[PDB]
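K.L.:
Input input.csv, format and content: CSV, C-alpha atoms.
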```
chain,number,residue,atom,x,y,z
U,1,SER,CA,-150.8,-83.2,-51.9
U,2,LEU,CA,-149.1,-79.8,-52.5
U,3,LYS,CA,-146.1,-79.9,-54.7
U,4,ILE,CA,-144.8,-77.4,-57.3
U,5,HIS,CA,-141.9,-77.7,-59.8
U,6,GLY,CA,-139.4,-75.3,-61.4
U,7,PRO,CA,-135.9,-73.7,-61.1
U,8,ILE,CA,-135.2,-73.2,-57.4
U,9,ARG,CA,-132.8,-70.7,-55.7
U,10,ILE,CA,-132.3,-70.5,-51.9
U,11,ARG,CA,-130.5,-68.1,-49.5
U,12,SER,CA,-130.1,-69.7,-46.0
U,13,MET,CA,-127.6,-70.6,-43.3
U,14,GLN,CA,-128.0,-74.4,-44.1
U,15,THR,CA,-127.6,-74.0,-47.9
U,16,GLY,CA,-125.6,-70.8,-48.4
U,17,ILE,CA,-126.7,-68.9,-51.6
U,18,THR,CA,-127.4,-71.5,-54.2
U,19,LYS,CA,-127.6,-71.2,-58.0
U,20,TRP,CA,-130.9,-71.8,-59.9
U,21,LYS,CA,-131.5,-75.6,-59.8
U,22,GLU,CA,-134.5,-77.5,-61.3
U,23,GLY,CA,-136.6,-79.2,-58.6
U,24,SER,CA,-139.7,-79.1,-56.4
U,25,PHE,CA,-141.2,-77.7,-53.2
U,26,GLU,CA,-143.4,-80.3,-51.4
U,27,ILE,CA,-145.5,-79.8,-48.3
U,28,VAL,CA,-145.0,-82.5,-45.5
U,29,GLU,CA,-146.4,-82.7,-41.9
U,30,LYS,CA,-146.4,-84.4,-38.5
U,31,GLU,CA,-148.9,-83.7,-35.6
U,32,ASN,CA,-150.1,-80.3,-37.0
U,33,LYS,CA,-146.4,-79.0,-37.7
U,34,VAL,CA,-146.1,-78.2,-41.4
U,35,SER,CA,-142.7,-78.2,-43.3
U,36,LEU,CA,-141.4,-77.8,-46.8
U,37,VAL,CA,-139.1,-80.3,-48.6
U,38,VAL,CA,-136.8,-79.1,-51.4
U,39,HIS,CA,-136.0,-81.9,-53.8
U,40,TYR,CA,-133.6,-81.4,-56.7
U,41,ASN,CA,-133.7,-83.2,-60.0
U,42,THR,CA,-129.9,-83.9,-59.7
U,43,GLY,CA,-130.5,-85.8,-56.5
U,44,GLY,CA,-128.8,-85.6,-53.1
U,45,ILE,CA,-130.5,-85.6,-49.6
U,46,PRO,CA,-133.5,-83.2,-49.7
U,47,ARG,CA,-133.4,-80.3,-47.2
U,48,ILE,CA,-136.4,-79.4,-45.0
U,49,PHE,CA,-137.6,-75.9,-43.8
U,50,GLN,CA,-140.2,-75.5,-41.1
U,51,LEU,CA,-143.3,-73.5,-42.1
U,52,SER,CA,-145.5,-73.6,-38.9
U,53,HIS,CA,-144.9,-70.5,-36.8
U,54,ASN,CA,-141.9,-69.8,-39.3
U,55,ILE,CA,-143.4,-67.9,-42.3
U,56,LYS,CA,-142.5,-64.2,-42.6
U,57,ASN,CA,-143.9,-63.4,-46.1
U,58,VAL,CA,-145.0,-64.9,-49.4
U,59,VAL,CA,-144.8,-62.9,-52.7
U,60,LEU,CA,-145.8,-64.0,-56.2
U,61,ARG,CA,-144.4,-62.2,-59.3
U,62,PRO,CA,-145.2,-62.8,-63.0
U,63,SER,CA,-142.6,-65.0,-64.7
U,64,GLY,CA,-143.7,-64.9,-68.4
U,65,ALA,CA,-147.0,-66.1,-70.0
U,66,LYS,CA,-149.2,-68.3,-67.6
U,67,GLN,CA,-146.3,-68.6,-65.1
U,68,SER,CA,-145.3,-67.2,-61.7
U,69,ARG,CA,-142.3,-66.9,-59.4
U,70,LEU,CA,-143.1,-67.7,-55.8
U,71,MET,CA,-140.9,-66.1,-53.1
U,72,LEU,CA,-141.1,-67.4,-49.5
U,73,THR,CA,-139.3,-65.6,-46.7
U,74,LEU,CA,-139.1,-67.4,-43.3
U,75,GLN,CA,-138.9,-65.9,-39.8
U,76,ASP,CA,-135.2,-67.0,-39.6
U,77,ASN,CA,-134.6,-64.9,-42.8
U,78,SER,CA,-134.2,-68.0,-45.1
U,79,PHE,CA,-135.4,-66.9,-48.6
U,80,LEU,CA,-136.7,-69.6,-51.0
U,81,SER,CA,-137.5,-68.9,-54.6
U,82,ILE,CA,-139.2,-71.1,-57.2
U,83,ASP,CA,-139.6,-69.9,-60.8
U,84,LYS,CA,-141.7,-70.7,-63.9
U,85,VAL,CA,-144.5,-72.3,-61.9
U,86,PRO,CA,-147.9,-72.6,-63.7
U,87,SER,CA,-149.8,-69.6,-62.3
U,88,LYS,CA,-152.8,-71.7,-60.9
U,89,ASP,CA,-150.3,-74.0,-59.0
U,90,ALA,CA,-148.3,-71.0,-57.6
U,91,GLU,CA,-151.5,-69.3,-56.4
U,92,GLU,CA,-152.8,-72.5,-54.7
U,93,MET,CA,-149.3,-72.8,-52.9
U,94,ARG,CA,-149.5,-69.1,-51.8
U,95,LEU,CA,-153.0,-69.6,-50.5
U,96,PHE,CA,-151.9,-72.6,-48.5
U,97,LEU,CA,-148.7,-70.8,-47.2
U,98,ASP,CA,-150.9,-67.8,-46.2
U,99,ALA,CA,-153.3,-70.1,-44.2
U,100,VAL,CA,-150.2,-71.7,-42.4
U,101,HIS,CA,-148.8,-68.2,-41.7
U,102,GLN,CA,-152.2,-67.4,-40.1
U,103,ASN,CA,-152.1,-70.6,-37.9
U,104,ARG,CA,-154.9,-72.5,-39.8
```
Would you mind writing the file out in structure tokens?
P.N.:
Amino acid sequence: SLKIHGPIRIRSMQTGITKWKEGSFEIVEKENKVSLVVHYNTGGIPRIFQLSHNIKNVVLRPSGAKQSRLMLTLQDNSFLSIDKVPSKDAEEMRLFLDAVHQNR
């Protein structure tokens, strides 16, 4: 399982530009197609973003002591950010996202 937690901000056609909201990024799949589910602590129906053949870039930036900010840009220009992630968890997610981006 690949799931990370922290304040989330998204810029996309399906969400508009959201404010920072506590939640999680979780990896899901079906017949080799990989997607990402955004769940918020406040609830509501989670939104899903395709990852397979849809990742443009993944950037990690320091977010204080032992934490990182992960920034995922998709090929449709959707921008997903997750902040204050324990650095080891953020690096594992980045490694996985890089492998998906490289069709592995």
K.L.:
Expressed in Å to a single decimal, how great is the separation between CA of residue 53 in chain U and CA of residue 101 in chain U?
P.N.:
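Rounded to one decimal, the two atoms are 6.7 Å apart.
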K.L.:
CA of residue 7 in chain U and CA of residue 84 in chain U, how far apart in Å?
P.N.:
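Separation of CA of residue 84 in chain U and CA of residue 7 in chain U: 7.1 Å.
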K.L.:
Within 6 Å of (-144.7, -69.8, -66.9) in the file's own coordinates, which protein, DNA or RNA residues have an atom, counting all atoms listed in the file? List them as a PyMOL selection string.
P.N.:
chain U and resi 63-68+84-86
K.L.:
Which distance in Å separates CA of residue 31 in chain U and CA of residue 69 in chain U, to one decimal?
P.N.:
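According to the coordinates, CA of residue 31 in chain U and CA of residue 69 in chain U are separated by 29.9 Å.
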K.L.:
Tell me which of U:62, U:33, U:74, U:80 sits closest to residue 104 in chain U, counting only C-alpha atoms.
P.N.:
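Distance minimum relative to residue 104 in chain U lands on U:33.
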K.L.:
With only C-alpha atoms as the basis for distance, which of U:78, U:43, U:54, U:71 is at the shortest distance from residue 15 in chain U?
P.N.:
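For residue 15 in chain U, the nearest of the given residues is U:78.
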K.L.:
Quick one: of U:47, U:39, U:34, U:90, who's nearest to residue 61 in chain U, counting all atoms listed in the file?
P.N.:
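For residue 61 in chain U, the nearest of the given residues is U:90.
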K.L.:
Within 12 Å of residue 18 in chain U, counting all atoms listed in the file, which residues qualify if same-chain residues fewer than 3 places away don't, as a short mmCIF file (atom, residue, chain, number, x, y, z; two decimals) with C-alpha atoms, keeping the file's coordinate frame?
P.N.:
```cif
data_model
loop_
_atom_site.label_atom_id
_atom_site.label_comp_id
_atom_site.auth_asym_id
_atom_site.auth_seq_id
_atom_site.Cartn_x
_atom_site.Cartn_y
_atom_site.Cartn_z
CA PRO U 7 -135.90 -73.70 -61.10
CA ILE U 8 -135.20 -73.20 -57.40
CA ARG U 9 -132.80 -70.70 -55.70
CA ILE U 10 -132.30 -70.50 -51.90
CA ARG U 11 -130.50 -68.10 -49.50
CA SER U 12 -130.10 -69.70 -46.00
CA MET U 13 -127.60 -70.60 -43.30
CA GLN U 14 -128.00 -74.40 -44.10
CA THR U 15 -127.60 -74.00 -47.90
CA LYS U 21 -131.50 -75.60 -59.80
CA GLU U 22 -134.50 -77.50 -61.30
CA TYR U 40 -133.60 -81.40 -56.70
CA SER U 78 -134.20 -68.00 -45.10
CA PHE U 79 -135.40 -66.90 -48.60
CA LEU U 80 -136.70 -69.60 -51.00
CA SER U 81 -137.50 -68.90 -54.60
#
```
K.L.:
Between U:102, U:87, U:1, U:52, which is the closest to residue 27 in chain U once you count only C-alpha atoms?
P.N.:
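Closest to residue 27 in chain U of all the choices is U:1.
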K.L.:
What's around residue 36 in chain U at 6 Å? Count all atoms listed in the file, leave out sequence neighbours fewer than 4 positions away in its own chain, and write the answer as a short mmCIF file (atom, residue, chain, number, x, y, z; two decimals) with C-alpha atoms, in the frame of the given file.
P.N.:
```cif
data_model
loop_
_atom_site.label_atom_id
_atom_site.label_comp_id
_atom_site.auth_asym_id
_atom_site.auth_seq_id
_atom_site.Cartn_x
_atom_site.Cartn_y
_atom_site.Cartn_z
CA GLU U 26 -143.40 -80.30 -51.40
CA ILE U 27 -145.50 -79.80 -48.30
CA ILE U 48 -136.40 -79.40 -45.00
CA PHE U 49 -137.60 -75.90 -43.80
#
```
K.L.:
Please fill the gaps in range 6-41 of chain U so it has N, CA and C atoms, and write that as an mmCIF file, in the coordinates of the input.
P.N.:
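Output saved as part33.cif:
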```
data_model
loop_
_atom_site.group_PDB
_atom_site.id
_atom_site.type_symbol
_atom_site.label_atom_id
_atom_site.label_comp_id
_atom_site.auth_asym_id
_atom_site.auth_seq_id
_atom_site.Cartn_x
_atom_site.Cartn_y
_atom_site.Cartn_z
ATOM 1 N N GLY U 6 -140.052 -76.346 -60.650
ATOM 2 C CA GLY U 6 -139.400 -75.300 -61.400
ATOM 3 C C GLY U 6 -137.988 -74.987 -60.922
ATOM 4 N N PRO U 7 -137.248 -74.085 -61.604
ATOM 5 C CA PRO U 7 -135.900 -73.700 -61.100
ATOM 6 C C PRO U 7 -136.044 -73.127 -59.688
ATOM 7 N N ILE U 8 -135.177 -73.580 -58.787
ATOM 8 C CA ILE U 8 -135.200 -73.200 -57.400
ATOM 9 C C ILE U 8 -133.830 -72.520 -56.983
ATOM 10 N N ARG U 9 -133.915 -71.409 -56.225
ATOM 11 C CA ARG U 9 -132.800 -70.700 -55.700
ATOM 12 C C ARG U 9 -133.067 -70.448 -54.217
ATOM 13 N N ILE U 10 -132.107 -70.733 -53.332
ATOM 14 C CA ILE U 10 -132.300 -70.500 -51.900
ATOM 15 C C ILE U 10 -131.171 -69.722 -51.289
ATOM 16 N N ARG U 11 -131.501 -68.889 -50.303
ATOM 17 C CA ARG U 11 -130.500 -68.100 -49.500
ATOM 18 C C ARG U 11 -130.851 -68.486 -48.061
ATOM 19 N N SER U 12 -129.970 -69.285 -47.437
ATOM 20 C CA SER U 12 -130.100 -69.700 -46.000
ATOM 21 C C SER U 12 -128.822 -70.119 -45.440
ATOM 22 N N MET U 13 -128.795 -70.183 -44.111
ATOM 23 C CA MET U 13 -127.600 -70.600 -43.300
ATOM 24 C C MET U 13 -127.285 -72.070 -43.697
ATOM 25 N N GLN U 14 -128.316 -72.965 -43.846
ATOM 26 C CA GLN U 14 -128.000 -74.400 -44.100
ATOM 27 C C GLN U 14 -127.666 -74.632 -45.609
ATOM 28 N N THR U 15 -128.024 -73.725 -46.533
ATOM 29 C CA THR U 15 -127.600 -74.000 -47.900
ATOM 30 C C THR U 15 -126.565 -72.968 -48.502
ATOM 31 N N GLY U 16 -126.360 -71.832 -47.842
ATOM 32 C CA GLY U 16 -125.600 -70.800 -48.400
ATOM 33 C C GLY U 16 -126.450 -70.116 -49.485
ATOM 34 N N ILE U 17 -125.870 -69.447 -50.481
ATOM 35 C CA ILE U 17 -126.700 -68.900 -51.600
ATOM 36 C C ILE U 17 -126.487 -69.808 -52.769
ATOM 37 N N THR U 18 -127.526 -70.556 -53.121
ATOM 38 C CA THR U 18 -127.400 -71.500 -54.200
ATOM 39 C C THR U 18 -127.606 -70.895 -55.582
ATOM 40 N N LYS U 19 -127.284 -71.637 -56.649
ATOM 41 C CA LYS U 19 -127.600 -71.200 -58.000
ATOM 42 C C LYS U 19 -128.966 -71.728 -58.345
ATOM 43 N N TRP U 20 -129.576 -71.289 -59.459
ATOM 44 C CA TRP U 20 -130.900 -71.800 -59.900
ATOM 45 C C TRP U 20 -130.758 -73.281 -60.226
ATOM 46 N N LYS U 21 -131.563 -74.137 -59.580
ATOM 47 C CA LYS U 21 -131.500 -75.600 -59.800
ATOM 48 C C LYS U 21 -132.921 -76.118 -59.937
ATOM 49 N N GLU U 22 -133.180 -76.882 -61.000
ATOM 50 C CA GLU U 22 -134.500 -77.500 -61.300
ATOM 51 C C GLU U 22 -134.871 -78.429 -60.103
ATOM 52 N N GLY U 23 -136.107 -78.316 -59.631
ATOM 53 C CA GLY U 23 -136.600 -79.200 -58.600
ATOM 54 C C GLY U 23 -138.007 -78.963 -58.161
ATOM 55 N N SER U 24 -138.350 -79.282 -56.909
ATOM 56 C CA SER U 24 -139.700 -79.100 -56.400
ATOM 57 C C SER U 24 -139.742 -78.696 -54.959
ATOM 58 N N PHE U 25 -140.839 -78.015 -54.565
ATOM 59 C CA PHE U 25 -141.200 -77.700 -53.200
ATOM 60 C C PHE U 25 -142.397 -78.635 -52.904
ATOM 61 N N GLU U 26 -142.342 -79.369 -51.798
ATOM 62 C CA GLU U 26 -143.400 -80.300 -51.400
ATOM 63 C C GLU U 26 -143.805 -80.036 -49.995
ATOM 64 N N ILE U 27 -145.107 -80.019 -49.700
ATOM 65 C CA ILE U 27 -145.500 -79.800 -48.300
ATOM 66 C C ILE U 27 -145.515 -81.211 -47.611
ATOM 67 N N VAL U 28 -144.964 -81.262 -46.382
ATOM 68 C CA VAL U 28 -145.000 -82.500 -45.500
ATOM 69 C C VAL U 28 -145.539 -82.072 -44.139
ATOM 70 N N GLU U 29 -145.904 -83.037 -43.292
ATOM 71 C CA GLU U 29 -146.400 -82.700 -41.900
ATOM 72 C C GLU U 29 -146.243 -83.821 -40.952
ATOM 73 N N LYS U 30 -146.367 -83.450 -39.675
ATOM 74 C CA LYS U 30 -146.400 -84.400 -38.500
ATOM 75 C C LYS U 30 -147.082 -83.613 -37.378
ATOM 76 N N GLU U 31 -148.116 -84.215 -36.774
ATOM 77 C CA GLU U 31 -148.900 -83.700 -35.600
ATOM 78 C C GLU U 31 -149.051 -82.159 -35.683
ATOM 79 N N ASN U 32 -149.734 -81.679 -36.734
ATOM 80 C CA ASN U 32 -150.100 -80.300 -37.000
ATOM 81 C C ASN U 32 -148.866 -79.376 -37.428
ATOM 82 N N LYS U 33 -147.602 -79.812 -37.251
ATOM 83 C CA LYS U 33 -146.400 -79.000 -37.700
ATOM 84 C C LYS U 33 -146.205 -79.227 -39.199
ATOM 85 N N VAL U 34 -146.244 -78.140 -39.977
ATOM 86 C CA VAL U 34 -146.100 -78.200 -41.400
ATOM 87 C C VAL U 34 -144.676 -77.776 -41.840
ATOM 88 N N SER U 35 -144.061 -78.542 -42.757
ATOM 89 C CA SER U 35 -142.700 -78.200 -43.300
ATOM 90 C C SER U 35 -142.724 -78.272 -44.770
ATOM 91 N N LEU U 36 -141.630 -77.792 -45.376
ATOM 92 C CA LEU U 36 -141.400 -77.800 -46.800
ATOM 93 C C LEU U 36 -140.154 -78.520 -47.196
ATOM 94 N N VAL U 37 -140.257 -79.495 -48.112
ATOM 95 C CA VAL U 37 -139.100 -80.300 -48.600
ATOM 96 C C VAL U 37 -138.706 -79.729 -49.948
ATOM 97 N N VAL U 38 -137.402 -79.493 -50.115
ATOM 98 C CA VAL U 38 -136.800 -79.100 -51.400
ATOM 99 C C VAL U 38 -136.098 -80.273 -51.984
ATOM 100 N N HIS U 39 -136.616 -80.785 -53.097
ATOM 101 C CA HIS U 39 -136.000 -81.900 -53.800
ATOM 102 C C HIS U 39 -135.406 -81.339 -55.098
ATOM 103 N N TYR U 40 -134.212 -81.778 -55.456
ATOM 104 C CA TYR U 40 -133.600 -81.400 -56.700
ATOM 105 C C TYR U 40 -133.593 -82.527 -57.661
ATOM 106 N N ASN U 41 -133.759 -82.233 -58.964
ATOM 107 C CA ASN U 41 -133.700 -83.200 -60.000
ATOM 108 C C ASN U 41 -132.382 -83.987 -60.018
#
```
